[PDB]
C-alpha cells in the first residue's frame, strides 16, 4: 500500500486551501491537492479544518479531579488564596494513594485527548508531605499514556524551597527519577528570597541538565522584578531558550513602561511564557507580547481541584474563554489565539521542528467539525477525529485506541 492513512479534503489554515494528506507510520509524507495511490485507511474531513495537535502547555495532572464526588464541588465554600490552596494540597497528599493519583492523571489525559490535545506539560507537587509519591504516579501514568499523548513533567517545589526545607533533596530525587524540568513558585511573596530561590533552581537544573518552568503569580511591579531577575540569571547561566515563566499575571497591572523596558531582556534571554485561560487577566497584553515576537503559549492550569473548580481539558474552549477575557473579535486576533493553542505551545515545549502540518512532520492531527480556526473558536463543535503517531485514537467523542 502507498499510504497507511490519508486524510481527504483537509482545509489547512497556514496554506489557506484544501488538500489531501498522506501519512506513513508516524510521519506526514505528502500534502497534495489530490493524492493518488493505494491506501489502507481513510478519513474524509469534508472541507473542514485539520490542525496539528493542540498544546496544553501547563497543567497539574497529579491533583486534578480532587473537587469531584459530591453534588457541589468540594473546597469551594471559601474564596481562592494561594496559601489556603497550598494547605488543602498538603492535607490532600497526606492520605492520597499512588493509585488514586495515577487514576487522576489518566482521567485528565483521556479528557485532553478527546478534545484534540496531544502534547502537555504538567507540574507535580514535590514537598515534604507528597514527597516523590506524586512524581512516581505521574511518571508511571506517563509511560502507560505514550500512545495517546506526550507529557513533559515538571518537578515543582509547590511549598517553596525556603519554606519547606526538605524541598531541595526531594526535587533532586524527583529529577533523578526522570522528571523533565524543574520549577518553583513566587520567589518574592512565597519564598521571601528572590536571589536565593532562583539561584537554587538554576543549580538543580544544571546538575541534571534540565529546562526550567517557574510559576510567577505575584502581581504588579514585584512580579515583573521577579521575572526580570529570572531572565537576567537565565543569561548569566547560559540557559537562553531553556526557561519558561508560567502565569505572569503581573504584566496586566504593572505599568506598561515596565514591560516595554523588559521586552529586549526577554528576547535576549529567549524567555518563554505561558498564560492559563483559567486565570489570564482581562488586561493581559497578550496581543502586544505576540506582536513583539515573544513566545506565548496557552494552558488549562488546574482542572477540578482546590485551586480551580473549572476545567474540561479543551483548548478550543480555552481559546473562546481567552477571546472573552481579552475582548477580542477580529479574525486576526482570533487567529493569534489559535496560534497560542498550537504553534506557540509547541515552541514553548521545544518540539517545533517536528510540529505542524508539513511534509516530514509528526502525524499528530485533529480533524475538526468547523471551517476555520475562527469558526472553531466561535461554534465550539466537537472534534471529528484525533490522530496520534499516524494512528486514529479518537473518533466521534470516543477513545478508540
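Positions refer to the first chain, counted from 1.
Trainee: Can you tell me whether 4 to 12 has a higher mean C-alpha B factor than 391 to 399 in this record, or the other way round?
Mentor: Averaging CA B-factors over each stretch, the winner is 391 to 399.
Trainee: When the C-alpha temperature factors are averaged for each of 104 to 112 and 77 to 85, which stretch ends up with the higher value in the entry?
Mentor: According to the PDB entry, the answer is 77 to 85.
Trainee: Of the choices 335, 345, 47, 53, which one's C-alpha carries the largest B-factor in the record?
Mentor: In this record, 47 carries the highest C-alpha B-factor of the candidates.
Trainee: Per the coordinate record, which of the options 118, 265, 177, 212 holds the highest CA temperature factor?
Mentor: Top of the list by C-alpha B-factor: 177.
Trainee: Going by the entry, which third of its chain does the Cα temperature factor of residue 38 land in?
Mentor: According to the entry, residue 38 has a C-alpha B-factor in the chain's highest third.
Trainee: Among the modelled residues of its chain, does the C-alpha B-factor of residue 170 lie in the lowest, middle or highest third?
Mentor: Ranked within chain, residue 170 CA B lands in the middle tercile.
Trainee: Residue 154's Cα B-factor: lowest, middle or highest third of the chain?
Mentor: For residue 154, the deposited C-alpha B-factor lands in the lowest third.
Trainee: Sorting the chain's CA B-factors, does residue 301 end up in the lowest, middle or highest third?
Mentor: Residue 301: CA B-factor falls in the lowest third of its chain.
Trainee: Lowest, middle or highest third of the chain for the C-alpha temperature factor of residue 239?
Mentor: For residue 239, the deposited C-alpha B-factor lands in the highest third.
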